[PDB]
């Protein structure tokens, strides 16, 4: 279910926005790609969001959780076996979490998906 974590950069704190960059590997053996479920395997939106939420709340907004998706945009499908760069930016002020997925192949780096999510205090 989860991606293989290649590298986890240190958190870059600025004024209000925090940042963490991860290099992830989309494992061909993830249930997301099992032949019994799909013949055109690609990382679905639920998984992309889920991964975003797991890293965002364990590394940037520990006491927060999902409220809503302000906007998501899937530009390129993510296939099994791809290497991804995941950038998460959290602005506790506006309570907005910005994310970005990019596929690294050769010397190229294409954006696969990006979006803004609203989070809320836990048991606020």
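Residue numbers count along the first chain shown, from 1.
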On average, which has the higher Cα B-factor in the deposited entry, 20-28 or 6-14?
6-14
Would you mind comparing 90-98 and 47-55 for me and telling me which has the higher average C-alpha temperature factor in the entry?
90-98
Compare the C-alpha B factor of residue 64 with those of the other modelled residues in its chain, then answer lowest, middle or highest third.
highest
Mind checking which third residue 71 falls in for C-alpha B-factor across the chain?
highest
By the entry's values, the third containing the CA B factor of residue 1 is the lowest
